[PDB]
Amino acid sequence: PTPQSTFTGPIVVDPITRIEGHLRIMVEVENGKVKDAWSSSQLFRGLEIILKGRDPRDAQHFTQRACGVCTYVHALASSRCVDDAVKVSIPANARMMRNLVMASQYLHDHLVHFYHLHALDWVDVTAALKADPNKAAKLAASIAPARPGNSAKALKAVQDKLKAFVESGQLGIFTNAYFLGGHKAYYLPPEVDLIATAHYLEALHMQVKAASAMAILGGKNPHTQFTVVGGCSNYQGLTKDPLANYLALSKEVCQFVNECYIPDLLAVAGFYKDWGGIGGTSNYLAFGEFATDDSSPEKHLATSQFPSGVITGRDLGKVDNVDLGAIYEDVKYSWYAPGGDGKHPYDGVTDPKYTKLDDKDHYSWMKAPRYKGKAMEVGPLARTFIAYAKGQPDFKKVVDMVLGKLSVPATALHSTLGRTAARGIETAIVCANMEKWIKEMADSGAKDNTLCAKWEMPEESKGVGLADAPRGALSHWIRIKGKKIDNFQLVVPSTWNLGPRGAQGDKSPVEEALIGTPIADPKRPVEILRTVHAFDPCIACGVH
């Protein structure tokens, strides 16, 4: 049974660590279950204010600094945005290069999230010291694919390093970990903790390779610098020797996703099967990514190979089209001035007004994005449900696979465990597609190396750039007036997920997902972290 105390009263977790940015979580607890929740973003920077009056060509360089974890994606969204405002259609090669860089970002970002951000909620690193490395090796050999890094000898060296570190008395990033001394909510056998810790360390090295692959096309990582209005600047990105090295690196990364990430994720899922019943929401949104036709936002929506759509009330039989006119943002419960509710992002307003800490009337620097009055979860889970529902063949195959492995029904995916599994599922799918996408661009680049189209700056226009970033549906919205930025609004995946209540008082996805969370130990409320982290929160992104 799922451990749960009798605690009644408030719990505040600030800072939420192992995310990007500054998040405070307040909950009211009754008999060891969360009964109310608030998601309180604690930093404003105000990029939208800063962009006013500047050169539309500059937008991407500022907005990329919304966040360096999901680096690139804002430069991409801003470029798609200005591209739409100037009505330029990017060349085939630019579409491919921009989409390949997104794919590389998915691999980097998801790998780092699972291991370095999320795993410490499920893996008791210190318990790994209790494992017999020989028993751990046999365990790994029985479940996962065969590999030298899973041998007794490799696992023992990992355990030896960890033991010397722990005995030094300087626990560093493990100081005061919720798992120290044991914890009822941590279920993994010690052998599994050891295996996962080994891969955690490995993944620290492998994420370097994932970023190198990305940088071949992107110029550098973090903060790529290869995109321009009308396409891309990186002609060398189309030539043979770099793409061969790009392929070779992505293959190493994908071998690690398949040998370690997916098997670890499935092991965790197997042991924490009860988390398939906690942390569910009902509505899902995606703008789609990996389009075959990125000539306009309409075409992106229609031709995204990871499809776009809207699911409402968990109804997988009715995927609606995205209505970009129906998106708006409220600020009723946010730190912005009165009269800013119900704004479509073309009419967006960003007028900061702070009140005070834990004011239930105004408690976040995130706006509250709503779709026809409903909150929307975005991200890997949203994409997975939308893709599955529409019969996308890869998503149907891998999902049904995961479901069969775990012996759970598809309804168990509406949960924190689901949200976590979805992130792996789509990583595996990006991996399976890499070689075809790389080949497409290599073949295209050799025949004709056009990469940027000509374009003219209009006096007055508007545009929107859409992407499905690793955390979900991202949109940038520009109004151009006098050839300058008149208004520039970001609506970001973590804004959808972790914003506060909207104008009708309605909880955001993370706030709703938190209701019903069991708390085994109110001193060490890891269950709050499991649900928050499964959203892969980014407050830098969410507030900008």
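Residue numbers here begin at 1 and follow the sequence given.
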If you average the Cα B factors in the entry, which is higher, 478-486 or 44-52? 478-486
Give the stretch, out of 365-373 and 456-464, with the larger mean C-alpha temperature factor in the deposited entry. 456-464
Can you pull the Cα B-factors for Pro222, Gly424, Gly472, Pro91 from the entry and say which is highest? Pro91
Going by the CA temperature factor in the entry, name the top one among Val253, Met214, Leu201, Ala137. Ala137
Of the three thirds of Cα B-factor ranks in this chain, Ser282 occupies the middle
CA B-factor placement of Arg65, once the chain's modelled residues are sorted into thirds: lowest
Position of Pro525 among the chain's modelled residues by C-alpha B-factor, lowest, middle or highest third: lowest
Would the CA B-factor of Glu167 place it in the lowest, middle or highest third of its chain? highest
If you rank every modelled residue in this chain by C-alpha B factor, which third holds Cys431: lowest, middle or highest? middle
